[PDB]
Every structure is written in C-alpha cells, then in structure tokens.
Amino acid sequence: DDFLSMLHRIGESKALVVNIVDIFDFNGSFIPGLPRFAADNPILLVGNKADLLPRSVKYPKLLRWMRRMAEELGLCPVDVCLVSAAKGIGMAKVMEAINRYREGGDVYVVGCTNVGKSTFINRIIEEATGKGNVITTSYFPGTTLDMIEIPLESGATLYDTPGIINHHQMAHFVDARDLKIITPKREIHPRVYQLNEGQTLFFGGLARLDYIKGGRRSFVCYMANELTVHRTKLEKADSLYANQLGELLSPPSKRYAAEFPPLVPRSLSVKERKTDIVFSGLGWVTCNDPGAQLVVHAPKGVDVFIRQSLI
C-alpha cells in the first residue's frame, strides 16, 4: 500500500510522468493503477530496448502500434519516444521531450522492473553530475520506498520512483541464469520457417505455436537468437513437451521444471496480411499471408496476440 500512497501523491502534483516500458513486453510493463491515479498528469510513454530491434522494423509503425497499445489500456500518452538506455540512442530526443512537456515543473519516472529504468536513470544521473548538480537518495513519504532526486534547472526536480512494481511478465517465470538467454545481447536476426499444416514450433520450453490449417506457409521468427527453436508434428507436441521440458525444451532448465507454470493454449485466426503473432517478453513471428489458423501457448498472464506487422 506504500506504492498506492506514492501513486496517489504523484497524482496530486499534476506533474509530467515518464513511463518507461519494454517494447518486447509491453503487457508486462503495464502498471494497472497508473491512469487510475494519474488521469490529470501528462504522461510521456518511453519504449526502451530499441537497440534489439531488427533493422527491418519501421519506427513509425512501432510508434503508432505502442500508442495504440497504450491507448487501449486507459493510458493516453501526450507523446511517445523510443530509446535505447543502454546504447544512448534516442536519449537526446527524449530529454528535449521531457523539458518540453514538464514545462517548468517536476517529473516522475515510473516503470516496472526489468524495463531498463535504472539504466535510463543512470544516464541522467551521469549527465546531471557532470553539470555540477547534487543527486539525493531518500524516502518518498512512504518508508520502504527509496526515491532518487535529480535537480533540473531553477527549483524543479526529476524523481526516480521505486523501480519495483514487479508483475506478470515472462521474466518472472524464469530464474536468473536462463533469463540471460531469453535476453538478447544484440539486434534480433530473422529465422525463416516454412511450415505445413499440422506442425508445431517450440520456443525453448517457454511458448509454443501450432499451425492448424492454411497450406504451406513461411513464418519469420523474431526472438532472442540464443533461444533455441524446435519443430515437430502437432500430434506429438504434447508427448515431447512432457518428456523434454527442462532437457531439450529449455529454458526452463530441468532444475525448476517444478516451478514452471502450465502453458495455456489460445486459438487464433489470422485474417489480415502482414501480421505479427506477438509472444510477450519473447518477441514475435510474422505471417506475410492471411488465412492462418493457429493455437498459441504461453504461461498464464503473458499475452500472446496478433497485430499489424511492424516490419
């Protein structure tokens, strides 16, 4: 309930809210309680990890997709930015945007864990320090909640809010060791798979895609290249998953195959051309033709859905 008092207090201020989310796991970056408490606050939506994006991705598409993805969740951002907190790409633009939309007031940086908030905030801390400012760590009116105060010119202050607010993203179902693998080191390379009806693709042991009906088709997989992919006929998919989970089908490692949540199936009918079958926290597979009939599996809570291709 400390996060609530915090969310309520920043709501009173009417100050600019910088909400940073992971573009590969937007659903796992949503903060249900944000627009409920921040209706009057102008919010800047920042999509981190843009450096892992395949060069074939068109920014305007992603831009419009995330605004639309946010719009759908009661969250109506004043603007949207794409940055790579790790590579410093797009950081200059996001700073100009922050100075513009805050006008003269403060700014609160909000976001769930594993989104890149600390890396993003570290770049600001480094710049502010180079300008002679003093950065302070203290308590946001709650207690357990640590906050970082970063002085902006003339009285105003940028505040880093508890990076916490963990939720139900793919990252939380994987232990530290295998999370490294799910996490890409560099830009994502396409992997083309020509599938026939009655075939299945396992992405590690984390998610599954069944090609139910539709004729020979090319699926282009866009996920962490360390993530091993396995293909088998639909009719043996369940038997394989029961015996190879933790072994051939990993992550998850055999260690915590007694933690791994059941994969929940969902039916999907691809009616439009050039679409992305999005697997939250993992990436997506692109179907360049319509008609596809599929069944997708992923842990409960992690969203799998289709959108107009970003490619």
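Note that residue numbering begins at 1 and tracks the sequence as displayed.
In this crystal structure, the stretch out of 158-166 and 226-234 whose C-alpha atoms carry the higher mean B factor is 158-166. Annotation for 103-111 versus 172-180: the higher mean temperature factor (C-alpha) is found in 172-180. The top Cα temperature factor in the record, among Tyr193, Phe140, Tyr211, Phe203, falls on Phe140. When the C-alpha B-factors of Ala38, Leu249, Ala50, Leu268 are ranked from the entry, the top spot goes to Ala38. Placement of the Cα temperature factor of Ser118 within the chain: lowest third of the modelled residues, per the deposited record. Among all modelled residues in this chain, the alpha-carbon of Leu145 has a temperature factor (C-alpha) in the highest third. When the CA B factors of the chain's modelled residues are split into thirds, the value for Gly283 lands in the lowest one. Among the modelled residues of its chain, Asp303 has a C-alpha B-factor that falls in the middle third according to the deposited record. Per the deposited record, the Cα B-factor of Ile135 falls in the lowest third when ranked against the other modelled residues of its chain.
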